[PDB]
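Only one chain comes next, encoded as structure tokens, the form deposited in one PDB entry.
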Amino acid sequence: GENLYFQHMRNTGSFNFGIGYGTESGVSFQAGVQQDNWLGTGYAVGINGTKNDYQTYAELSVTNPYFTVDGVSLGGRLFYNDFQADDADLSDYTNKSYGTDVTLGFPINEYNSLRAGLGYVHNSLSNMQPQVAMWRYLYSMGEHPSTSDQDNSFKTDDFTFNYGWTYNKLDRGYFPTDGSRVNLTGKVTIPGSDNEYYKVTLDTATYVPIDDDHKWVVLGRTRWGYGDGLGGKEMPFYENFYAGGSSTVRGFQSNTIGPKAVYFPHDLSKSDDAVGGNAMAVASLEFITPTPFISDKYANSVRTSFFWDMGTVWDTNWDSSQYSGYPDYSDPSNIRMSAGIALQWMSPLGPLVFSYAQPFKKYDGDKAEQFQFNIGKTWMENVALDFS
């Protein structure tokens, strides 16, 4: 019983810094500060922020992993986000949001967890160059912007119900060899929201070893997105799915896959600026092989692989009749593919990932990116903040 003294009195504080560079994100920073038993409450409370070329994010984060003796966890967040779409290689807009989330998590068993939460978000959109897909969302909301005026304000307040499921039975954290990870993440809007939509994503990764020593391994990944409106409204474009880049279809510039903007005039205009869509599918097959010639002293510090990536995005609400003389961006069948090589290295300066891929199937508008690279590292310094 008396160990409840020392537990309720112990409190650690952690600063964390992070630096990183990627072809997706640009130069990247993380900073964060937290205490894990704040005021002897059991809650871990923290403040942390991130910055990319396209996104700046900040939050207060409250989270108690033993909200019940059984392992049910209660987690919370207050956040500000600024997203600058054109530094994400999409057609331009600015999305400044803030809001809040609270999330019950349940450990079903040692490989499965579930999540239920409620979320509120406010979104502020501005700087929207007028274009067809975007404006069709706007009109579905009752807004009628001018199509010659290169602005807006459009603001929405949404409340959501959010669920998820994660199955994880990978044998190892960094260089997996065996087993699968599944993740599902859904949401739906609840009455009182301005937007009215659902959105659901499924991720799967499955590792299959050929030899007993687990040095040759097939890995198949899939990624699946679908959302839509409920009352005649569309899912808001700011929640679109994207594809292309280091983490989805190598050999493609980030987000370049799928619909492209069709701009009104200041006599409509075709473009190569991606806008994403409300539906998406990605898949990859990867052959993991021992790495030549390094010798098995550095063995599991490095990993090499040959891949076939593929994927597609589409606009289920694109009206191809009305835009007869534009590409049919409702066609799911325009599947992109690439083939390449990949090198991973738990380097002294942290995780490192080198892709070289050729996109052998690519459609009008799609932007190549063969060479893709990702590095980053995190320092964590601790301090005791105890109540003895």
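For every residue, the number given is its place in the sequence shown, counted from 1. By rigid core we mean the largest C-alpha set that fits within 1.5 Å across both forms.
K.L.:
How many missing residues of the deposited sequence lie between residue 266 and residue 267 in the entry, grouped as none, 1 to 3, 4 to 9, or 10 or more?
P.N.:
In the record, 10 or more residues between residue 266 and residue 267 lack coordinates.
K.L.:
Comparing 225-233 with 286-294, which has the greater mean CA B-factor as deposited?
P.N.:
According to the entry, 286-294 carries the higher average C-alpha B-factor.
K.L.:
Would you determine, from the values in the PDB entry, which of 49-57 and 350-358 has the greater average C-alpha temperature factor?
P.N.:
Looking at the record's C-alpha B-factors, the answer is 350-358.
K.L.:
Maximum C-alpha temperature factor per the entry, among 214, 115, 155, 181, belongs to which one?
P.N.:
Comparing C-alpha B-factors across 214, 115, 155, 181, the maximum falls on 214.
K.L.:
If I read the C-alpha B-factors straight from the PDB entry, which of 275, 299, 104, 281 is highest?
P.N.:
The listed residue with the largest C-alpha B-factor is 299.
K.L.:
Can you tell me which third, lowest, middle or highest, the CA B-factor of residue 307 falls into for its chain?
P.N.:
Its C-alpha B-factor belongs to the middle third of this chain's values.
K.L.:
Ranking the modelled residues of this chain by C-alpha B-factor as given in the entry, is residue 193 in the lowest, middle or highest third?
P.N.:
As the PDB entry reports it, the C-alpha B-factor of residue 193 lands in the lowest third of its chain.
K.L.:
Should residue 203 be placed in the lowest, middle or highest third of its chain by the C-alpha B factor in the entry?
P.N.:
It belongs to the lowest third of the chain when residues are ordered by C-alpha B-factor.
K.L.:
Which third of the chain holds residue 147 when residues are ordered by C-alpha B factor: lowest, middle or highest?
P.N.:
CA B-factor rank for residue 147: highest third.
K.L.:
Classify residue 210 as lowest, middle or highest third according to the C-alpha B-factor given in the PDB entry, relative to its own chain.
P.N.:
Its C-alpha B-factor belongs to the highest third of this chain's values.
The form deposited with a partner chain bound is left out here; the points below concern that form.
K.L.:
Spell out, yes or no, whether the shortest heavy atom distance between residue 373 and the partner chain in the bound PDB entry is within 4.5 Å.
P.N.:
The answer is no: residue 373 has no heavy atom within 4.5 Å of the partner chain.
K.L.:
Would you check, heavy atoms only and a 4.5 Å threshold, whether residue 349 touches the partner chain in the bound PDB entry?
P.N.:
Heavy-atom contact with the partner chain at 4.5 Å: present for residue 349.
K.L.:
My question is simply whether residue 63 lines the interface with the partner chain in the bound PDB entry - judged by any non-hydrogen atom within 4.5 Å.
P.N.:
It does not: once the partner chain is placed as it appears in the bound PDB entry, residue 63 has no heavy atom within 4.5 Å of it.
K.L.:
So in the bound PDB entry, does residue 22 come within 4.5 Å of the partner chain, heavy atom to heavy atom?
P.N.:
Residue 22: no, not in contact with the partner chain in the bound PDB entry.
K.L.:
Look at the stretches 55-63, 26-34, 355-363, 335-343 and give the one with heavy atoms within 4.5 Å of the partner chain in the bound PDB entry.
P.N.:
Selected range: 26-34.
K.L.:
Comparing between the shown form and the other one on the rigid core: C-alpha of residue 295 shifted by 2 Å or more?
P.N.:
After core superposition, the C-alpha of residue 295 moves 2 Å or more between the shown form and the other one.
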